[PDB]
Amino acid sequence: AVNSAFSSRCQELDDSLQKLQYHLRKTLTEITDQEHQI
Amino acid sequence: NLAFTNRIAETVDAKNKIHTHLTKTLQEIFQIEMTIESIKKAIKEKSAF
Amino acid sequence: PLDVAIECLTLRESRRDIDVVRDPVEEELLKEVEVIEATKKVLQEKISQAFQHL
Amino acid sequence: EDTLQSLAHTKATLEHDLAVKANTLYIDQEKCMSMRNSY
Amino acid sequence: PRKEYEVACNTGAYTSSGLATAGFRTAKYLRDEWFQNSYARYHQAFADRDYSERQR
Amino acid sequence: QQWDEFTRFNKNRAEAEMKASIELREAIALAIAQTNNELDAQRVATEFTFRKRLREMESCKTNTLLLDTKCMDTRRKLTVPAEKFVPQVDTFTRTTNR
Amino acid sequence: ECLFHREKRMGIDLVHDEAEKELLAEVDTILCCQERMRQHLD
Amino acid sequence: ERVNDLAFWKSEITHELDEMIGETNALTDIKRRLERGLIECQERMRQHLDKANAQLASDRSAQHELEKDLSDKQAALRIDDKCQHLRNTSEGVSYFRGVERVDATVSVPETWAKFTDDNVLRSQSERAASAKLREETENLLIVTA
Amino acid sequence: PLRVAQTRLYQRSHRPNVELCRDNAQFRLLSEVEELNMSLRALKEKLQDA
Amino acid sequence: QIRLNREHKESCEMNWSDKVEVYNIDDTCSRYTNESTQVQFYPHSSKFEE
Amino acid sequence: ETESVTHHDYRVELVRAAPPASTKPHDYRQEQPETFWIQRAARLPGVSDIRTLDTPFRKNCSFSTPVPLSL
Amino acid sequence: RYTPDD
Amino acid sequence: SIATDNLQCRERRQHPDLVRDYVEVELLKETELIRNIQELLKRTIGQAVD
Amino acid sequence: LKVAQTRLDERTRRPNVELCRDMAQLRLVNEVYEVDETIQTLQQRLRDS
Amino acid sequence: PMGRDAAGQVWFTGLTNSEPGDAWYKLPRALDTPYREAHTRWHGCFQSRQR
Amino acid sequence: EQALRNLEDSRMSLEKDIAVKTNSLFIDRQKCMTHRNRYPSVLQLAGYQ
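Numbers on residues come from counting from 1 along each chain's written sequence, not from the entry itself, and any residue without coordinates is not displayed. As they are written, the chains are lettered A onward and the ligands numbered 1 onward, keeping that order. In this view the chains form part of a larger assembly, and all numbers refer to the visible part. Side-chain measures here rest on the full set of heavy atoms in the structure, leaving out hydrogens and waters.

Focus: the overall build of chain B
Helix and strand assignments follow DSSP, with helices taken as H or I runs no shorter than four residues and strands as E runs no shorter than two, numbered in order from the N terminus. Along the backbone of chain B there are one helix and zero strands. Note on areas: Shrake-Rupley with a 1.4 Å probe; residue coverage comes only from the protein chains shown. A total accessible area of about 3700 Å² is found for chain B, and carbon and sulfur atoms account for 71% of it.

Here it is, written out as C-alpha cells:
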C-alpha cells in the first residue's frame, strides 16, 4: 500500500507541472504581443 | 470584558475541585500502603505454625 | 546560487529594443547552470554508493 | 498492588493537569487588568 | 467573518494547523491548503492575461 | 578444517569492508572540496565579466543601468554573511494591479 | 497585544471561544470605522 | 548536566530578546518625527512611513516564537529540577508500572540546539534591517530638509 | 532612577527555586516603571511645544 | 535511626544554605544609590511567575 | 397563490441532510474500480507480473523478447 | 483543535 | 532502517512544496508494526528456551 | 529499582520540542533491566541456600 | 515585509558556508569569521561528553 | 507598461515554481523506489522455513 500511494502522489505532481508549462508558453506569447502593442 | 470575567470564574471553580480531589487521593494512597504492610506482617506468623 | 542565476536571467528578459543583443555574461550564466547539474549528479552517485556500503 | 498502581496512574494524571490549569489562570490574571483598565 | 469561519472549520479531535492571531503558520502543509494555494496562483496570472488584453 | 575456515573467512570480510569505509570517506571529502573550489572560481569569473559590462554602459540606457545595479546587488548574497545581507536597490514596489 | 498573550497557553487549554470571537470582531470594527473616518475626511 | 545546558541556553535567549526592545523603541521615535514632517516628497514620506510601519509589526511578529520558546522550556526545567532533586526514599517515589519500553520523541540534542539558533539567527538579522531602515529616513529627511 | 529600578529588578530576578518570592515590592517597582514612562513622554511632548 | 537522622540533617542544611546565598546577595545589593555605578539599563519584561 | 397543492400538500422537510461521508478522499480521474480480481490480484490464474503500480493488469512483455530482439 | 464541550 | 531513511528523504523538501499525506502516516504504521513484531519475537523465543 | 523507575516516568510530560531522546532515558532502561536479572540471580542463590 | 512589499529570498542558515575548524594557520581569525559562540562553545562540551 | 510589469512578476513566479517542482520531482522520483528495491522476500522474512 505504501508503494501504491507514492505512485499516485508523484503522478499528481507531474500533472501540475504539465499545467505550469502550458501556462508559461502563452505567457511568453502574450508578453511579446503586449510589447508590440506598447 | 464580561465574557472574560465568566471565563475567570469557571476556571477558578475547576481548579478548586481538582485540588480537593488531589488531596483526597493522596490520603487514600497512604491508607492503601499501610494495609499492604499489615498483610506483609501477617504472613510470617502464619508460616510459623 | 542556481536560484539567483535564474532570477537574474528572468530580469534580463526585461531588456528592450536594440539592447537585446548576445552577451558573454549570458553564456557565463549558462555554464554556471550546467556546472551545477554535473555537481548534482556526482554527489548523488556518491550518496548512493555510501548507502549501499552501509 | 495492582489497585495501588491504578491509583498512582490517576494521581499523576490530575497532578499534571493542575499545572496547566494554574498556567492559564496566571496568564489571564497577568493579561487582563494590566492592559484593559479604562478608555 | 471568513477568519472566524476558517478557525471554526477545523477544531475537532483531529490534527489542526498553526493558524493564530499573528506569527506564521508552521511550514507543514495540508492537501486542501496546498490545492487552494495552487488554484489561487493559477487564476491570478490567468486573470492578469485578460486584464491586459482588455486594454489591447 | 571448518572452524578455522569460517573464522578466517569472516575475518577477511571484515577487514576488507573496514578498508572500503576509509577509502569512501576520503573520496567524499575530496569531492566536496573540489566542487566548492570550482564553483567559487567560476563565480569570480562571472563577477569580472559583469564589471566589464558595467564599464561599457558607463562609457532605455538608464533602464539598462538600473537593471545592471539591481542584479549586481543580488550577487553579494552569495558571499556576505547571512546575518548582514539585505537588498539595497529598488524596494519601490511599482507593481500595483494586485 | 492581549490576543498575543492569549496564545501562550498550551495543552488541552487551546479552546476557541466567544472571547476570541469578540476580539476578532472588535479588531474588524476598528478597521472598518477608521476607514469610514478616512473616507469622511477625504 | 542537562539543566546547566538549559540555563546556558536561556541566558543567550534572555540576551537576544533584549536588543530588539531598545531597537523597537528607537524605531518608534523615528516614526513620530516623520508625522511631524508631514505636519511640518510628501508622497515619499508617506510611502516610507508605510514602509517603516510595516516593519513595526514584523518586529513583534519575530518576537512571538521567542517568548513561546522561553515559556515552554522553563516548564521542562520544573520537571528536570524535580527529577534533579528526586531522591531515594523520598515522598513521591512510588511503584508505577508499565511505561519503560515507551518512546515517541523527536529530538537529537544538536538538532534541538540549532532550532533554537535558527530562531535567534532570523531575529538579529531583522534587527540589522531595522537599523538600516532608520538611517535612510534621516538622510531622506536631511535631503527633504 | 529608571535605570536604578531596572537594575534592581534584574538582580532580584536571580533567586533559586522557592526563594524567588512574589511580594508588594514587584508591584511597586512596576508602578515606578510606568510612572517614569509617563513623566518621560510628558517631558518629550513638552519639548516639542518648547 | 542513624540513617534517618543524617538524611533529615542534610535536607535542613540544604535549605539553610539556600537562605544564606539569597540573604548575602540581597545585603550586598542593597548598598546601591541613585548616582552610583554598577547600575545599568535592563529592558527585561516583567514575566517572573510560573 | 402557492405554486400548487401538490408541492404544498406533499412537501416534507427536516430530513437527514447531505450525503454520507466518503471517509477517505477520492479523485475520479485515475482511481480504478476494485474487483474480486483486484483484491486477490496476486492469487489469480490470469494475472500477469505485479511490477506496475496503480495498475496490476499490465502485461510484463519481458520474456517475449528473443535474443536478436532482447532489450 | 479543541471545542469547549469536550 | 529503510523507512527511517525514506522519512528523512521526504523531510528533505522545498518550502512551497511540502505536505502531509498517506505516505508519512503509513510509514509510521510500518514503524510501529516492526517494533511490536520485534518484542513479540523476543518473548516467544524466551518461552521456547524455557 | 523503585527510585530508578520513578525517575524514568515523569520525563514523558515534556511538551513538543523539549521532549528529548537522552542518555538519561536509555541508560535508565538499561539499569532497570540489569537490576531485574540481578534480582532473579539472587532468588536463585536463596533457593540454593 | 507583511504588506505592500513581500520578497521570498532564502536566507542561509550558516553551518557549511564557514570554516569553524581551528589550526595555527587559522588563528589569525579574520573578523569575517562567522563564529557565533552558541554552537561552537556548545560543540566543545558536546564533543567532550560524546568522546 | 504597468500591466507589463505585472505580467513579468507573474512569469518569474511561474519559473520559480517550475524550479521548486522540478527539484521535488527529482528527489522523490530518484531516492525512494531505488532504495526500496532492496526489500526482502517473504520466505527469508519467514526465516528460510
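Next comes the rest of the write-up.
Some words on the overall build of chain H
Of the regular secondary structure elements, chain H holds three helices and zero strands. Against the 2.2 N^0.38 benchmark of 15 Å for 145 residues, chain H shows a C-alpha radius of gyration of 23 Å, more extended than a compact globule. With the C-alpha coordinates of chain H rotated into their principal frame, the extents come out at 75 × 25 × 20 Å. Note on classification: 1.4 Å probe, protein chains only; a residue is buried when its accessible area is under 20% of the maximum for its type, exposed when over 50%, partly exposed between these limits. Among the 145 residues that make up chain H, the fraction classed as buried is 39%. Carbon and sulfur atoms make up 57% of the accessible area of chain H, which amounts to about 8200 Å² in all. Only four residue types enter the charge count: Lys and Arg as positive, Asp and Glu as negative, with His and the chain ends excluded. The atoms used to mark charge sites are NZ of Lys, CZ of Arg, CG of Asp and CD of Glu. Averaging the locations of the 22 positively and 29 negatively charged side chains of chain H gives two centres separated by 3 Å. Between the two quantities, the radius of gyration covers C-alpha atoms and the globule rule is 2.2 Å times the number of residues to the power 0.38.

As for the interface of chain G and chain H
Contact between two residues is taken to exist if any of their heavy atoms lie within 4.5 Å; hydrogens are not considered. The partner chain H presents five residues to the four residues of chain G that form the contact. Overall, the association of chain G and chain H removes approximately 500 Å² of surface from exposure, summing both partners, and the carbon and sulfur fraction of that is 51%. Per-residue buried area on chain G facing chain H is highest for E1(G), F4(G) and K8(G); these three make up 86% of the total on that side. When a carboxyl oxygen of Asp or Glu is within 4 Å of a side-chain nitrogen of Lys or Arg, the pair counts as a salt bridge. Counting across the interface, chain G meets chain H through one salt bridge. Note that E1(G) and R60(H) form a salt bridge whose closest N and O atoms lie 2.5 Å from each other. Side-chain atoms alone can form a polar contact between residues adjacent in sequence; in general such a contact is a pair of N or O atoms within 3.5 Å, and within protein one must be able to donate a hydrogen while the other accepts it. Along the contact surface separating chain G from chain H lie three residue pairs in polar contact. Each residue belonging to the side of chain G that touches chain H can be placed in one class, and the counts come to one nonpolar, no polar and three charged. Note: buried area is the sum, over both parts, of the accessible area (probe 1.4 Å) each one loses when the two are combined. Classification convention: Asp, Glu, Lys, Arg as charged; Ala, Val, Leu, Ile, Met, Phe, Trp, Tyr, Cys, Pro as nonpolar; all other residues, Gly among them, as polar.

A few points about the environment of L56(H)
Here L56(H) shows up in helix α2 (residues 42-84). Separated by 24 residues in the primary sequence, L56(H) and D80(H) place their C-alpha atoms 37 Å from one another.

Brief notes about the interface of chain N and chain H
Taken together, the contact pairs 20 residues of chain N with 25 residues of chain H. Approximately 2000 Å² of surface area, both sides summed, lies buried where chain N meets chain H, with 64% of it carried by carbon and sulfur atoms. A per-residue breakdown of the area chain N buries against chain H is headed by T6(N), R7(N) and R21(N), which together make up 24% of the total. Viewed at the interface, chain H and chain N are joined by two salt bridges.

Structural notes on the packing of helix α1 (residues 2-39) of chain H against α2(H)
Residues and elements named next belong to chain H. Orientation of α1 relative to α2, taken along the N-to-C sense of each, is 160°, at an axis distance of 9 Å. Judged by the angle between their axes, α1 and α2 are roughly antiparallel. For α1 against α2, the interelement crossing comes out left-handed. A per-class count over the contact of α1 with α2 returns 15 nonpolar, five polar and ten charged. Axis definition: a line fit to C-alpha positions, over the contact stretch in the case of helices; interaxial angles, taken between N-to-C directions, run 0 to 180 degrees. Small angles under 35 degrees read as roughly parallel and large ones over 145 as roughly antiparallel, with 65 to 115 read as roughly perpendicular and the rest as oblique. Crossings are classed by handedness, with left-handed meaning an anticlockwise turn of the near helix from the far one by less than a right angle and right-handed meaning a clockwise turn.

What about a nonpolar patch on the surface?
Side chains of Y39(P), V42(P), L43(P), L45(P) and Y48(P) sit close together on the surface and give an oily, nonpolar patch of about 610 Å² of accessible area. Structurally, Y48(P) can be placed in the segment after α2 (42-45). To count toward a patch, a residue needs a relative accessible area above 30% and no salt bridge. Like charges then connect within 9 Å, nonpolar side chains (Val, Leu, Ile, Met, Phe, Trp, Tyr) within 5 Å.

Remarks on the nonpolar core
In terms of nonpolar packing, the biggest core is built from nine residues, these being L13(A), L17(A), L20(A), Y29(E), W34(E), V19(M), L14(P), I18(P) and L25(P). Sorting the residues of this core by element identifies α1 (2-37) of chain A together with α1 (2-36) of chain P as the ones contributing at least two each. In contact with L17(A), not counting residues within four places along its chain, are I18(P), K21(P) and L25(P). As used in this record, nonpolar core signifies buried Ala, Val, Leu, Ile, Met, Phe, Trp, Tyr and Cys residues forming a set joined through side-chain atoms within 4.5 Å. Judged by nonpolar contacts, the second largest core, of seven residues, contains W9(H), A113(H), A38(O) and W42(O).

A short note on the packing of aromatic side chains
Residues and elements named next belong to chain O. We call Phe, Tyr and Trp rings a pair once their centres come within 6.5 Å, taking the six-membered ring for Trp, and we label the pair stacked below 30 degrees between planes, edge-to-face above 60, and tilted otherwise. In this structure the tally under the stated criterion is seven aromatic pairs over all chains. Ring geometry for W24 and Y25: centres 4.6 Å apart, planes at 70°, overall edge-to-face. As far as the burial class goes, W24 and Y25 line up, both exposed. Judged by centre distance (5.2 Å) and plane angle (5°), the rings of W42 and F46 are stacked.

What about the side chain of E20(G)?
All names here are of chain G. On the secondary structure map, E20 appears in helix α2 (residues 18-41). By relative accessible area, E20 is classed as buried at 9%. Within the structure, the side chain of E20 is placed 3.0 Å from the side chain of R6, a separation counted as a polar contact. Those residues within four positions of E20 in sequence are excluded, and the remaining contacts are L3, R6, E7, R9 and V15.

Considering the arrangement of the chains
When the 32 pairs of chains in contact are ranked by number of contacts, first place goes to chains H and N. Over all C-alpha pairs, chain D and chain F never come within contact, reaching a minimum spacing of 34 Å.

Remarks on a positive patch on the surface
Residues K40(B), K41(B), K44(B) and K2(N) make up a contiguous surface patch of positive charge. The biggest single contributor to the positive patch is helix α1 (residues 2-48) of chain B, with three residues. Here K2(N) shows up in helix α1 (residues 2-9).

Here we look at unusual backbone geometry
Phi is positive for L14(K), close to 65°, though the residue is something other than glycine. For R29(O), which is not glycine, the phi torsion reads 55° and is therefore positive. For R29(O), the location among the structural elements is in the segment before α1 (37-50).

What to know about helix α1 (residues 2-12) of chain I
Most of α1(I) is tucked away: nine of the eleven residues are buried. Packed against the buried residues of α1(I) are α2 (24-49) of chain I together with α1 (2-29) of chain J.

What to know about the pattern of salt bridges
A side chain of one charge can pair with a side chain of the opposite charge when the charged atoms of the two come close. On inspection of all chains with the given rule, the structure shows 37 salt bridges over all chains. The residue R7(B) makes a salt bridge to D17(G) at a minimum N-O spacing of 3.2 Å. Of the two residues, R7(B) is situated in helix α1 and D17(G) in the loop between α1 (2-6) and α2; the pairing between them involves two chains. You can call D17(G) buried: its relative accessible area is 3%. Measuring nitrogen to oxygen at the nearest pair gives 4.0 Å for the salt bridge that ties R36(H) to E35(H).

What to know about the state of the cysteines
Each disulfide consists of one covalent bond between the sulfur atoms belonging to two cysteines. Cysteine sulfur pairs qualify as disulfides if the two atoms are within 2.5 Å. In the structure shown here, the tally under the stated rule is zero disulfides over all chains. Here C32(D) is not disulfide-linked; the sulfur of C2(G) is the nearest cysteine sulfur, at 7.5 Å. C71(F) takes part in no disulfide bond, and the closest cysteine sulfur, belonging to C8(C), lies 5.8 Å away.

Let's talk about the environment of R36(H)
Along the chain, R36(H) falls in helix α1. Considered as a pair, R36(H) and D18(H) are 18 residues apart in the sequence and their alpha carbons are 29 Å apart.

Notes on the environment of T21(E)
Looking at where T21(E) falls in the secondary structure, it is placed in the loop between α1 (2-9) and α2 (31-55). The sequence separation of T21(E) and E53(E) amounts to 32 residues, and the corresponding C-alpha distance is 39 Å. Contacts of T21(E), omitting those with residues within four sequence positions, involve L3(G) and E7(G).

Observations regarding the side chain of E30(A)
Here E30(A) shows up in helix α1. Those residues in contact with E30(A) that sit more than four places away from it in its chain are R49(E), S52(E), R56(E) and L7(P).

This is a description of form; function is not addressed.
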